[PDB]
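As you go down the protein sequences, you meet chains A, B, C, D and E in turn. Residues 1 to 158, 165 to 361 (the deposited numbering) are what the first sequence spells out, left to right. Residues 1 to 158, 165 to 361 (the deposited numbering) are what the second sequence spells out, left to right. Residues 1 to 158, 165 to 361 (the deposited numbering) are what the third sequence spells out, left to right. Residues 1 to 158, 165 to 361 (the deposited numbering) are what the fourth sequence spells out, left to right. Residues 1 to 158, 165 to 361 (the deposited numbering) are what the fifth sequence spells out, left to right. We treat Cβ as the ideally placed atom computed from N, Cα and C, and that holds for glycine. Inspection log for the structure reproduced underneath, given as structure tokens.
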Amino acid sequence: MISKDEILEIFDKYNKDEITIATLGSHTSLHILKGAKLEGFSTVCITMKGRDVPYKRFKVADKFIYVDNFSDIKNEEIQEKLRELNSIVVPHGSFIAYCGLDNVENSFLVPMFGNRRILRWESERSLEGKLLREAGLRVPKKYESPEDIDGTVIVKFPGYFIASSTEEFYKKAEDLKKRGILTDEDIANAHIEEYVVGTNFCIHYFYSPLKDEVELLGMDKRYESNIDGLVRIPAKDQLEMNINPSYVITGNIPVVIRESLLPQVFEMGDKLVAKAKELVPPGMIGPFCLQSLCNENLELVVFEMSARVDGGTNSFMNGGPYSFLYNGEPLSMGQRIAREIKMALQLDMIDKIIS
Amino acid sequence: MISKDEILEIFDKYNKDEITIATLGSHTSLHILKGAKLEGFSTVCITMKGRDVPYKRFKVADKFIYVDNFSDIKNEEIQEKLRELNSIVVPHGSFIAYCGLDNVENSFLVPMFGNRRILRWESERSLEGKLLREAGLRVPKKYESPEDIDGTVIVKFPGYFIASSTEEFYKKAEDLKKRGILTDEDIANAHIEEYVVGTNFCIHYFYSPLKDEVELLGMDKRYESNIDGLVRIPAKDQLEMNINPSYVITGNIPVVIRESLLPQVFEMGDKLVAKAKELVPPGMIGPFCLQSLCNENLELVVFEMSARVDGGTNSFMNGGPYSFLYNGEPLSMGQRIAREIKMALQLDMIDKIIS
Amino acid sequence: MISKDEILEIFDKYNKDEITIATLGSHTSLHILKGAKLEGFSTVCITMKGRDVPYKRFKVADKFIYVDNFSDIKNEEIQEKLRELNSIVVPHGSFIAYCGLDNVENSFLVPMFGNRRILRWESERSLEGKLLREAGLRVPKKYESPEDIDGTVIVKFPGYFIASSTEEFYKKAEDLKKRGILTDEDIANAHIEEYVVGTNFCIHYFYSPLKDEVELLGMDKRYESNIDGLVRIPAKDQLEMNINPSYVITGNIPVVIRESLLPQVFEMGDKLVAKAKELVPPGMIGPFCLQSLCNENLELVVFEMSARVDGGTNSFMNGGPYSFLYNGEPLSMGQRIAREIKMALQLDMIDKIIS
Amino acid sequence: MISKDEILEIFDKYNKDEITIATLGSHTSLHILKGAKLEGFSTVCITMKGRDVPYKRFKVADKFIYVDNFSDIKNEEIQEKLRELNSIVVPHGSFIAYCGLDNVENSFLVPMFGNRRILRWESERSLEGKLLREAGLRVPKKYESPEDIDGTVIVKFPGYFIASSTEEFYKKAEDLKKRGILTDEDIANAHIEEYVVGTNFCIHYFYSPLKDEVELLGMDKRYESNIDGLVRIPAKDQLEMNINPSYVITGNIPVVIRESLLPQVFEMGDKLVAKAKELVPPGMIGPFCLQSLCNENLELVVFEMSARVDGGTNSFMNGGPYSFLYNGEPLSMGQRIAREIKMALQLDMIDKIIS
Amino acid sequence: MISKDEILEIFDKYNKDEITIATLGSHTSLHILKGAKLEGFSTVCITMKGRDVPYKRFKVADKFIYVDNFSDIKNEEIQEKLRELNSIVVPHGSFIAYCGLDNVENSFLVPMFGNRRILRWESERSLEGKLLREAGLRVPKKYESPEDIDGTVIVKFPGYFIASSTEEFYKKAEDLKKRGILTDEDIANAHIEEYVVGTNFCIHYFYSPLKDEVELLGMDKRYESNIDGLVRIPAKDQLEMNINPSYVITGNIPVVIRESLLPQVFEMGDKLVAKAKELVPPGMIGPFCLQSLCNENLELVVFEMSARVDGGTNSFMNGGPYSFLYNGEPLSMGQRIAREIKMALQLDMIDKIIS
Ligand SMILES: Nc1ncnc2c1ncn2[C@@H]1O[C@H](COP(=O)(O)O)[C@@H](O)[C@H]1O
Ligand SMILES: Nc1ncnc2c1ncn2[C@@H]1O[C@H](COP(=O)(O)O)[C@@H](O)[C@H]1O
Ligand SMILES: Nc1ncnc2c1ncn2[C@@H]1O[C@H](COP(=O)(O)O)[C@@H](O)[C@H]1O
Ligand SMILES: Nc1ncnc2c1ncn2[C@@H]1O[C@H](COP(=O)(O)O)[C@@H](O)[C@H]1O
Ligand SMILES: Nc1ncnc2c1ncn2[C@@H]1O[C@H](COP(=O)(O)O)[C@@H](O)[C@H]1O
Ligand SMILES: Nc1ncnc2c1ncn2[C@@H]1O[C@H](COP(=O)(O)O)[C@@H](O)[C@H]1O
Ligand SMILES: Nc1ncnc2c1ncn2[C@@H]1O[C@H](COP(=O)(O)O)[C@@H](O)[C@H]1O
Ligand SMILES: Nc1ncnc2c1ncn2[C@@H]1O[C@H](COP(=O)(O)O)[C@@H](O)[C@H]1O
Ligand SMILES: Nc1ncnc2c1ncn2[C@@H]1O[C@H](COP(=O)(O)O)[C@@H](O)[C@H]1O
Ligand SMILES: Nc1ncnc2c1ncn2[C@@H]1O[C@H](COP(=O)(O)O)[C@@H](O)[C@H]1O
Ligand SMILES: [Cl-]
Ligand SMILES: [Cl-]
Ligand SMILES: [Cl-]
Ligand SMILES: [Cl-]
Ligand SMILES: [Cl-]
Ligand SMILES: [Cl-]
Ligand SMILES: [Cl-]
Ligand SMILES: [Cl-]
Ligand SMILES: [Cl-]
Ligand SMILES: [Cl-]
């Protein structure tokens, strides 16, 4: 519901000489806040007791807004402190969750870097799949029901398993049921897709509305538990175990792609951006990630995407091999965001980057 | 056939005040061209439509030479543009392939960084094995025929499989045949070697003919599809699949070796360089890679080598842990190459580095 | 036995205008010595023939003290050269081993960065376990005997295997016996613990006695042979092999943790430091590492620790994502150590950092 | 009157996680505020309409406190805003004047970098002369009355002229009287001293109470109007003019001293600092300037001093030849001040640097 | 008398892994020693009590060799310490004076950066004038005797005055005699030359024997006492004084030349270098200064030169406008010298730079 004009008029009461960058202390905020300082900004960190130490010891925040629980960040009281500080908020995974995506879309009256509307399109698998399919991107083959399974599939519930047949599907669902991990309602909405066998590249892009350009900033591969620990056990020993794989994100590892695949990499970002302009105007604004798998035919297949900054940007907080090429600098995504905020304030084009 | 004097006399007609660095837009050209700019050079990128975006958006090339297909880079027309631009060409994997190694050796009349003759020694498994064996380096044990198999082996055809017996060899060859991946002629020339079980270090060295020194620049491990995706599937599920491993390079991951192994690391490069001087004068010039596996006895076994810059240098385009030690700089291999070109022009010793 | 006053009075005869940093040429000495140079120090490297090349080519040492074998570094002759050079010695894994931990504790009369006494607490599994348990840290569940095994365990002998039952334990012990890898005396003291299935984070901390603060410097995951090569073999092929896993450290790979887990990360270091002050005064001084595994419940379980600089700091010799946040610099652990030595000399507080 | 305990207890109610650096927008505030940002601080600038542009366009201040006139900076309202911002104030020439030195000494209840008491000793020519004389420094010879004049003298009134005799003194005083530049009361308190003929070095020092050390940061020579414009007129033309010299500071020019004179330079700062400890405890804190003239006998004679930061530090806001030697950095005095504030907060020694 | 082979054979007994840079603590040693550290060298400073503080507080020397008086630096004892430290000595104005130029030429058996023989050519006005005249450089017109004076001249004695006639010459000589500044023997050897009226540029060049190139590093103007203080007194007041000008170097001020005059600037260095090769082989090595005055016809007239590093390089110890152009670095002359020492050691060409 929140209007653009409604947000531009909040920002107009802002002291344009004292624009700060704010965010929630979690997810990717260390380089969001570091990147801001490096660009000249004073920074605001929403934090809480027991969770504030990393931001205090890394010296990355100038002002703290302590909440009782991160859930309070929807409260109109915190919105006020943020407006009085002239903060532009940089959204990220954790902020959207603790604030709630409905509160974000029509109850959070603080200026926000990026296209506010499009945060819904990453939250819903149908919108996400619609976008990736319509943008012309390779995605895993989808399966309507367990009876349609004719290969190895992975099965996700909004807590994960692999199946190579209809029969294996139910045996495994049953296991995860009689172990108190999945209720009958989760499996009633099981999402089944082709298991893509390949190398993980989570590709971090930045779309600049100022330059009208998609940029490559970096790449990581996920480090997930228990799976990346499960597959480190020798095959003979794994068979002696009664252990199911889980896919809980615990961290990230840096990777570079084969250089001949960069034309495919940019075309993917270009296409995604050209379609999102049509479907959710103005489209992708700033940081976005295609989480893909590269098969043996050197084709990147995208199984996920983010419409804002992705946790994997943490793997290059001191810059990376791709962020370096632009200007020989240790450039993070956080700093690339802050720079866009800076240039837009200087060119009087803040309307291209906030909502 | 191309003579050294034949190349020195092409370079003598060069305007020594305007020496550019050229390369093909692929493989490792992003840091070759970035590294050149950082050293003061103007840069030339051979590119083509649909494949030029990465070089335009990374702002790494000053002049583009567009070809219809990269195969045209042998054409005497492109050789002329390069000579008129006073370009020294930096060779790499992709350039040699698209240009053709015979065209490189006697039909490509543009000055080239490195020892031109020695590019043949990396192309032929017999020359390569000859060199590594004569340099005194550990290599996988070789097997003349499937009947000689007495352990786990890996089998390569100039598309890969593992066997632990003669019987398994044929069963697998048959599979890859009746699946249209290998013709009877490929398996007629199957290369069988010991499967080395260990940690991958692709070690990137630079030999300076100016300093008469082998330098350590960095290290990566390969990220290959489908294999690195295959082994991420739990053992129980893998057994339910009918899937063969492939070993297609898709990218790279940074790694550092145990420091006590660096004396072995340098001795390997020293030895390789001392033997290549004898076998293919003047020997190794500039960048070279030993692709090795470290067994549990802390011995590096080399299964491959490159006689020019290797794709893994991309993992440290913003510098790495070893390239940093020299001068505290974000030094890439591309920039280390450009620096040698610079120093040689300044010391009037271009004859030590081109051919 | 070596007293603090005994060491302060050695250091008092030091020319305070010419303080050098010394260490043994191995383990982590490349960034210890590089970091020192960067902070203004002249550096001393204990090295030997055949093992000195890495330090000569990286140009990281100003003065060499050549020994016949690294075992000689206990010799009172080498202690004298070090005292005459005004060297503070930075201890590390290799130095303690070659010098011998008893010689370190009462026969090595050279000033040393860190708490000398506490190097014993990392050497003994009982002290180490005592400390981690009393500090309140999660550790693997321990097993008194093979008959207590009720899950997957890993078994270590001061050369490793996994067991999922009492029966499997003996079958495997027998195998490693009848293969000449373990004598009956090793298995008589077998250390059996819970096999933690998860993602490896070796977390590198620095405790500053000057700032009274625990800092996060970086993180790596181990790269071990043959295990990380064993699990890269497809499950079907592994079953055709008669191969046991080994866990020999060969190198390291960079990783970042999920940012929401940093509060747990710092609390772990804080707790460890607060307990070590009580148990071994003054406690942890400078660099320390918690080597942990993150399970699917996002809990870090510590299976090992170091009470000095850990080999994994090599993964960020050119700085890392966390070391960057402080001041936007390529900061290594080696340089963080040297800086503390520098600040302490400038503030006349060398008594807070040496022993 | 303002007590130290009275100031420590104001600072104790400060949020130690959000310490800002404040100052008045004038004099030397550009590098005071720039230097602060570079050290990680958020900055507060006291400014006013018509005088705020330089600080807005140089992007050097995060928060502005607008006053009606700089005279309002004594007002208890502005003191409150400063306390609520957790600001340490950095004093300078302009701040003391607009605030009034009595208000500074007992009516300005905001923490302040430096020794508050000693700002009186630079304001009074008797205290200043007492200090320089007792510290053992060369100063111009003083003259009790016009009748004591036996050489070339310069005559100052708290607007300047040169005399070489008693007679010339009165003729000139009369001129400046019958021209409405000096009243009979100014000349009733005329300060007459030896005219020192030599080269101007305004030497900028920093005393660190943390390191107990006097540091050399830089040097400038004054650029004064109309005098430096008067002496640029050829002698023949000057004689055709009826023009008196004035000595109004308009700017500064960088200079380096002859290196053999640096031992004299440091001894002067050392001596000044050792005497000020006795006379006005704790003595000199942070930045101080000896404004001297070097005669042909290579002796520096001091005609003025500042007990805080001097305007000449502006000549090296991007660092200078001496500030560079420490760490190869573009270090300004402003940044050297901010660093001391930083280190003191980190070492819990804020009591050594504020009052 | 000292031979080159005699010096090469001293240097051959040097540990080539531990080459240090040494110099006397005075003149230009701050950037000589800083520049060395920046290039990776350990540094040796010859100093003495009462004169060592600047080098201790600037942290620029790793090892001190204390002498009783700087005159002792000729002593064979100090030569030994320097040889045992593997020091290459960098000569400068003060070192040559305290050591004595005869001792330098045949009694100082330590390797020395530059052409040892040519230090005599800067010491003798006849050799100096011979060189500048034969190199084809503009110099002041010379006058054989006071009776030849037909314009404004300046008169120098190996303490200075200006004369516009024969009569004025004697009146002034008489004054300086009856004031005890000049004996009858000084004026018996008075050197009289054209007074050049113009702007002072002391131009600092570096000749690289490695690159065979003359480089422009920077420029300063002298700051001399009492003269630059004398001319700051208004003309009317100067006439009321009985004061003679002196020209004692006290410091330096940075200046840049008009860019259209750089072709003249380089040709002057080129010419000087081409003639010095013939007259004193191998010629100019490393740093040299032409001290010139630019007349209204935009012609640089050289009144002095140095055959080693000149004191004016101190004006750009943090780099300057010209030293910046090469690589965008804060490059001093001291660091440019150290770099040449570094490159020569790396290229095995130390024979091009020492003697
Ligand atoms: N289509 C797929 N094929 C193979 N692995 C997948 C697929 N989708 C997800 N995964 C793995 O499951 C993890 C969690 O996926 P998601 O919850 O979709 O982000 C991913 O990071 C992948 O490692
Ligand atoms: N390092 C990371 N890599 C990838 N995804 C992440 C990372 N950190 C957080 N996320 C995602 O963002 C969500 C919120 O993060 P958290 O607050 O850490 O639970 C998680 O559910 C993850 O899907
Ligand atoms: N001797 C070997 N033992 C084990 N793995 C190998 C061996 N040779 C090659 N490989 C794997 O196969 C991939 C392709 O090898 P190549 O085609 O020889 O460069 C390598 O990157 C290795 O990961
Ligand atoms: N990132 C890389 N790592 C290792 N080898 C590579 C890499 N990129 C390319 N290569 C090798 O160079 C050849 C040509 O590269 P491409 O043009 O990308 O196919 C390939 O066949 C690979 O063997
Ligand atoms: N409790 C455990 N659970 C699983 N793996 C372990 C455990 N302890 C050690 N390891 C693995 O064995 C290697 C050697 O362990 P350690 O010798 O205890 O340092 C470690 O780096 C781990 O990869
Ligand atoms: N890169 C590394 N990562 C982790 N641990 C290491 C590393 N290097 C050495 N160590 C440990 O330090 C000990 C001595 O090292 P080394 O002298 O290399 O054998 C080894 O036994 C290892 O446990
Ligand atoms: N004793 C002196 N001899 C010569 N010039 C002076 C003397 N004192 C002050 N001046 C000049 O007058 C200017 C103003 O001096 P003051 O007002 O004392 O700071 C100084 O910057 C000097 O250039
Ligand atoms: N650039 C400068 N150099 C030397 N002294 C200065 C400078 N700027 C200001 N001052 C002194 O500080 C006082 C206050 O400065 P202002 O507010 O600029 O008048 C002046 O009376 C000067 O004596
Ligand atoms: N020919 C000349 N004409 C005018 N001024 C000169 C001349 N030679 C020397 N001077 C001045 O006298 C100072 C001392 O000169 P010198 O002792 O020759 O280095 C120089 O720095 C000049 O400022
Ligand atoms: N800063 C400087 N500028 C020009 N010449 C200098 C400088 N410092 C020293 N010299 C010359 O070098 C000689 C020795 O310097 P000193 O030991 O400082 O007397 C002096 O006689 C000067 O001629
Ligand atoms: Cl992203
Ligand atoms: Cl995310
Ligand atoms: Cl390479
Ligand atoms: Cl390659
Ligand atoms: Cl550590
Ligand atoms: Cl270790
Ligand atoms: Cl000052
Ligand atoms: Cl001032
Ligand atoms: Cl010079
Ligand atoms: Cl000089």
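Buried versus exposed, by CB contacts within 10 Å (16 or more), residue i
{"i": "residue 213 of chain C", "result": "buried"}
{"i": "residue 128 of chain E", "result": "buried"}
{"i": "residue 249 of chain E", "result": "exposed"}
{"i": "residue 256 of chain C", "result": "buried"}
{"i": "residue 251 of chain D", "result": "buried"}
Residue-level contact to chain B via CB, residue i, 9 Å cutoff
{"i": "residue 96 of chain C", "result": "no"}
{"i": "residue 259 of chain C", "result": "yes"}
{"i": "residue 221 of chain E", "result": "no"}
{"i": "residue 161 of chain C", "result": "One cannot assign coordinates to residue 161 of chain C, given that chain C in this structure leaps from 158 to 165."}
Contact with chain A by residue i, beta-carbon distance below 9 Å
{"i": "residue 330 of chain C", "result": "yes"}
{"i": "residue 229 of chain B", "result": "yes"}
{"i": "residue 205 of chain C", "result": "yes"}
Any C-beta of chain D under 9 Å from that of residue i
{"i": "residue 275 of chain A", "result": "no"}
{"i": "residue 42 of chain A", "result": "yes"}
Closer than 9 Å to chain E by CB, residue i
{"i": "residue 152 of chain D", "result": "yes"}
{"i": "residue 272 of chain D", "result": "yes"}
9 Å Cβ cutoff, residue i in contact with chain C
{"i": "residue 316 of chain A", "result": "no"}
- Task: Let me know the beta strand (DSSP E) ranges lying completely inside the stretch 165–229 of chain E, each 3 residues or longer, listed in chain order.
- Result: Taken in chain order, the complete beta strand (DSSP E) segments of 3 or more residues contained in the stretch 165–229 of chain E are 166–169, 197–200 and 205–214.
- Can you list the alpha helix (DSSP H) stretches of 4 or more residues lying completely in the stretch 19–45 of chain C, in chain order? Listed in chain order, the complete alpha helix (DSSP H) runs (minimum 4 residues) inside the stretch 19–45 of chain C are 29–38.
- Message: Please give me, in chain order, every unbroken run of the beta strand (DSSP E) with length at least 3 that falls completely inside the stretch 44–97 of chain D.
- Response: Taken in chain order, the whole beta strand (DSSP E) runs of length 3 or more contained in the stretch 44–97 of chain D are 63–66 and 87–89.
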